[PDB]
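>>> Here is the input, now give the coordinates:
(chains A, B, C, D, E and F)
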Amino acid sequence: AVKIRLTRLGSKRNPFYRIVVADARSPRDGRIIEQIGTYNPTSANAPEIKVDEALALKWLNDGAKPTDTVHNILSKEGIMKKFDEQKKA
Amino acid sequence: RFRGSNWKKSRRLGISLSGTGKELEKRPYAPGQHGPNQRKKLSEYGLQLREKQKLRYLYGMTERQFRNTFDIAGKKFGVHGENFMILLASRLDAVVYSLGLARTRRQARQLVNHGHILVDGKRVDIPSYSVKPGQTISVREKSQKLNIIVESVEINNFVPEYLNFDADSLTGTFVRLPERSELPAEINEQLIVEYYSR
Amino acid sequence: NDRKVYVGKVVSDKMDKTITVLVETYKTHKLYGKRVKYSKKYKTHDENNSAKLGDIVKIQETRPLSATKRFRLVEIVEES
Amino acid sequence: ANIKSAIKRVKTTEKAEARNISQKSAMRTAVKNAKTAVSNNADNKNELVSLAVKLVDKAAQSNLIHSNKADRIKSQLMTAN
Amino acid sequence: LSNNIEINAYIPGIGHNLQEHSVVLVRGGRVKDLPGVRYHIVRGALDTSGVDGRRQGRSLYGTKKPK
RNA sequence: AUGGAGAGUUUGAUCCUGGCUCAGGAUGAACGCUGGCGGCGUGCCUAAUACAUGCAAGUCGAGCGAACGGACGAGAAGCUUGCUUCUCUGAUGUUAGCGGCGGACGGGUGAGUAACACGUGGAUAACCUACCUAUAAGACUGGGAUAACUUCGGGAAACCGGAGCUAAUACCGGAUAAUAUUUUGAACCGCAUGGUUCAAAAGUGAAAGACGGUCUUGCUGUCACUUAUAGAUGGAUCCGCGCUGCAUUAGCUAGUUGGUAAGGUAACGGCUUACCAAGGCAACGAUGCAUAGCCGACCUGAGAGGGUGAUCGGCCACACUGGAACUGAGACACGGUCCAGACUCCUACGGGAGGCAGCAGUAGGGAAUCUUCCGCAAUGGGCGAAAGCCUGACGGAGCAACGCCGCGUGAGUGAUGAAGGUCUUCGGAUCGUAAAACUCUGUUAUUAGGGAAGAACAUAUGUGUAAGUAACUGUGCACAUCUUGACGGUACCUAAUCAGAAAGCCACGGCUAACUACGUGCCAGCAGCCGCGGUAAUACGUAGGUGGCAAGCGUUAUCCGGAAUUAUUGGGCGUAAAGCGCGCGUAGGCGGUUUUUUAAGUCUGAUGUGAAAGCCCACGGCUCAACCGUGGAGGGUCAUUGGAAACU
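Residues are numbered from 1 along each chain as shown, chains lettered A, B, ... in the order given. Find the structure here:
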């Protein structure tokens, strides 16, 4: 099943995460389907979430599942709140 | 690094400028056992070497820091022979030496080593920080008064152009990139660039 | 979608509903840049032994109908 | 070095292949005679065919046989009948 | 050598320790004005020992720092 | 358009041809000498050789029987009036089994394969797809069985081989609905053919668990269930081109090439088997032998082009060697089975077992490549409502100057002859502002305090809100409380003390910037080239100098460049190497002038694509730099679509 994940980039003791909708059987740093945006815990103060929310909702409506940290990323912006209004309508 | 005598290197090259002059004591030709003799004339590869050494031992560098700061001068639109001159005086060795915080270059390099600068904020203790145009260079608040620091400001005047200086905790500014006029033209940059062409 | 629409020239009409066209085009050489003609015998599926030797035949690709023929006939521009 | 899960999978694949070949030979037998009963214009040319088409998708809703070999067998019976 | 082929190998230096059956490390490099030998021997690698008294070009010929 | 240099060497002396040898870059490098650190990387290239030991795939009691443990209602009382003897409501905990799902991913390796393996662009009106998401329709009624357990026999064993019981979301029987399938009609295409209503006959499912409220009930929320559609995904087959060296490999095929049938495959098909026909491929290199996983990329080059596949990604292939099938959505399966083989191991000799090209490690090979470490805290994966467990993936620690980039190893002064050691036309020029000794700094070293980001969650329990309900739990969403951290008392920051302890390495003829003196006297030896040594050696050996640059230096190996010494750009053939001894001619290559014409080549503009990472450019974060991140040249290779008509 396709699921939105975190593929880590960056160096040692400096994690940088790009957020990625990909299949669950591909490796972590391996082949992807589409790269939604980034995530950076080790910046100055913020996490610096960049998400193109018009495209992240194209995957959540046909089977992509956030896994416990991007579900916090999407809720930090507000994609998961706005996800209900497609189901409510 | 070098750690040796700048007197001997000023004998073989032009000058290292510890004081105002250093070659007047012995023969100004060459240091040891063949100096006071008939100076055999010197080929083109030698003279493309000697002016490179006169610039390297001036700032007190070594190769593959002198070479790795050469091809990154081949990135801007100016003349490559003098882009290498202008970003070589923008280090925290020349800027501490130019706006006078020391009577010479080596203890100016030793001043930026041990952490007496706090440039533009917290600290840069590296002696190869290329200073961007327009941020201040100070002295550390823990050590504002030393025998080395203050008693070398008053002797050496003429803080050069595209700089500032003050007595309010010794704060230079580094206005912009200096010109070839405001850079020591005792060593010609027009023949060092052919050494790295080979 | 649509399938490839090659044109050619028959070489040997043997028995049992098969002809082989000869699509000739011009690959260029890699290093020297000279054009050079080369051939490619494409087996194709005649319906009822229609086309004879000497004809120029327009063909189209299809699903694999045998071990070596992959193409079908559509139209005959000229014959002999 | 057998991991302790694979020693249980070899057990449950012998238990599950005995149930398969009992059912899978029954589907091949019940079409071996119904295809014979489509020939000869016999009595049960509409009763063994209803039994054969029954068993070839008892074994297709379960994963004995695929759901395109099921439709291929039941078309080879019901066209000729 | 390790592969079962025969060569001839020069010994640089002054004195050597090469009676027979010794294990030595063959270095490449031809020595001219000598027929049929085009290899050196690393002086000081496995069983050959360094020269007795060099202090000038000391790394090659393989002797350690005195005192 | 930031883009191109050379030198030495044939001769008594030139010019030319021509090879050779250097100066420049790199590496999974090795070796010799030497060696304070720090940050990021990298580290069996050989033997796809054999492997001791741990250890990498498990999970679910909310699928259900059993078991085991034990609180809690726990009698009479052995009177030791609290020890439980047993009895129990059994809360609740743990597992050996049955069962579901996962073991096909992640991880390793490059032996095989010159091939639709791969790259690129297409095609499937010849395809399959568990979980996930969405939409509807359902979940009815019965049955028997078998592990566990009890008992027996073989075996010291471990496990077989019997006998009798038991449960389920296990298995099985029967009802009920399909757009499947087979018969008959009306559209459009690109050949078989499709799509979308129709209308007739046969055919086919199933699961309950843990909640909620109230009716001794009957609806009910959560997520399993199976049925049909889609979407998303992953997979398969086919096709155009692009794919190493040999012609001192020129005939390859015989289910081979078509046909018509039949089987069978998810699917088309010589995929297989029958008959019928004699085709099929090949100098545009069939075949055969040899070599090699391919590509992004990396290295080099002014480009053209050459070289490589370590690391990091995509794909393929393999899992001691060779066949085969099972289970399943998916395998013909790396820590699965069966068979054959070669090795290896235990043994009470009765028969049992194992496959590091997973992670460290061992032996062996080798010039050469490391710890039998810590942790699931991060990210990812599996199974679960969930807590959570398992994860040698991964995150870290250790060793190695293996590479890159940073810092060091201390200067401000001042006898411009203190000592002493080279050279000396000995008077002096050198080492030398070198150096003792005077004044300060402490990067770092060490001890001694402080100390962190990575860390946001899930989960519980509270408040809303949305869907839904008769209502409430619950669910979706929103916030806000508290929860956990291998690295690690690490990064780092403050003080205390000391010029303490922290440089070698190769060159000195000329290319090539740096030389004098003793020793030795064709000897000992040097040498990249030319060449040095026979008594005055700037080339040997040492000593004082000096220079290249430095935690490295030098040698060797290999690759590209210099090499215009394979020349399309960009060479030649009178005598330097090179015109067949000349004809006739096949294939091929090339071909006079004009008009009309088409659009293959050609040119031009509309798209689409050539993933990410890197290269180039611009910013951001590392105290700078290495490095890391983001935004751009941009895909220029190709395919689809319009046009232009001179030149082939």
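>>> show me what contacts the most centrally placed residue in chain B?
Nearest to the geometric centre of chain B sits residue B:59, at 3.2 Å (Cα atoms, centre = their mean). Contact partners of residue B:59, counting by Cβ atoms under 8 Å, 6 or more residues apart in numbering or on different chains, are B:88, B:89, B:91, B:93, B:94, B:105. Using the backbone N, CA and C atoms, a C-beta is placed for each residue, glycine as well.
>>> which of the residues you listed lies closest to RNA strand F?
The shortest approach to RNA strand F among these belongs to residue B:105, at 7.0 Å (Cβ to the nearest atom of the strand).
>>> helix/strand/coil for the residue lying closest to that closest one once chain neighbours are set aside?
With Cβ to Cβ, 6 or more residues apart in numbering or on different chains as the measure, residue B:97 is the residue that lies nearest to residue B:105, at 4.9 Å, once sequence neighbours are left out. Three-state secondary structure (criterion: DSSP: H, G, I helix; E, B strand; the rest coil) places residue B:97 in helix.
>>> still on that earlier bit, where's the residue nearest to the centre of chain B relative to RNA strand F, distance?
11 Å (Cβ to the nearest atom of the strand, to the nearest Å).
>>> Next: residue B:52.
Noted for residue B:52: a distance of 7 Å to RNA strand F, by Cβ to the nearest atom of the strand.
>>> and that residue, helix, strand or coil?
Using three-state DSSP, the three-state assignment for residue B:52 comes out as helix.
>>> swap in residue D:76?
The three-state label given to residue D:76 by three-state DSSP is helix.
>>> hang on, it packs against residue D:38?
No: the criterion here is Cβ atoms under 8 Å, and residue D:76 misses it with residue D:38 at 9.2 Å.
>>> helix, strand or coil for the spatially most central residue of chain D?
Nearest residue to the geometric centre of chain D (Cα atoms, centre = their mean): residue D:27, 3.2 Å. Three-state secondary structure (criterion: three-state DSSP) places residue D:27 in helix.
>>> what's the answer for the one 10 residues further on, then?
Following three-state DSSP, residue D:37 is assigned to helix.
>>> measure residue C:24 to residue C:56 for me?
Between residue C:24 and residue C:56 the distance, using Cβ to Cβ, to the nearest Å, works out to 11 Å.
>>> what's the answer for residue D:63, then?
Counting by Cβ to Cβ, the gap between residue D:63 and residue C:56 amounts to 53 Å.
>>> who has more neighbours, these two?
residue C:56 (16 against 9; other Cβ atoms under 10 Å in any protein chain shown).
>>> so that one sits right up against residue C:76, yeah?
Yes: taking contact to mean Cβ under 8 Å, the distance of 7.4 Å between residue C:56 and residue C:76 places them in contact.
>>> Hmm, residue E:26 and residue E:37 touching each other?
No: with contacts defined as Cβ under 8 Å, residue E:37 does not count as touching residue E:26, sitting 11.1 Å away.
>>> Mind listing the shared neighbours of those two?
Taking Cβ under 8 Å, 6+ apart as the criterion, residue E:37 and residue E:26 both touch E:7, E:9.
>>> Spell out the residue ranges of the strands in chain C.
Assigned strands in chain C, in chain order: C:18-22, C:25-28, C:35-38, C:41-45, C:56-61, C:71-78 (criterion: DSSP state E).
>>> Let me know which of the ones you listed is tucked in deepest.
Burial among these, expressed as mean neighbours by mean count of other Cβ atoms under 10 Å in any protein chain shown, is greatest for strand C:18-22, which shows a mean of 20.
>>> can it be found next to RNA strand F?
Yes: with Cβ under 7 Å from any atom of the strand as the criterion, RNA strand F is reached by strand C:18-22 at C:18, C:20.
>>> how far off strand C:71-78 does that strand point, in degrees?
Taking axes from the mean of the first three to the mean of the last three Cα atoms, to 10 degrees, one finds strand C:18-22 and strand C:71-78 inclined to each other by 70 degrees.
>>> Residues contacting strand C:18-22, please?
Under the criterion Cβ under 8 Å, 6+ apart, residues C:6, C:8-13, C:39-46, C:51, C:57, C:59, C:66, C:69, C:71, C:73 lie in contact with strand C:18-22.
>>> now it against strand C:56-61, angle please.
Relative orientation of strand C:18-22 with respect to strand C:56-61: 100 degrees, computed using the same axes, to 10 degrees.
>>> Just the CA trace of strand C:18-22, in PDB.
In PDB, the C-alpha atoms belonging to strand C:18-22 read as follows (Å, rounded to 0.1, in the frame of the first residue of the first chain):
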ATOM      1  CA  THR C  18       3.100 -14.700 -44.600                       C
ATOM      2  CA  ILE C  19       5.000 -12.100 -46.500                       C
ATOM      3  CA  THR C  20       8.200 -10.300 -45.400                       C
ATOM      4  CA  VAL C  21       8.500  -6.500 -46.100                       C
ATOM      5  CA  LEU C  22      11.800  -4.700 -46.200                       C
END
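>>> Bridged to the spatially most central residue of chain C, which residues?
When chain C is reduced to its mean C-alpha position, the closest residue under Cα atoms, centre = their mean turns out to be residue C:21, at 3.2 Å. The bridge-partner assignment for residue C:21, based on DSSP bridges, gives residue C:10, residue C:42.
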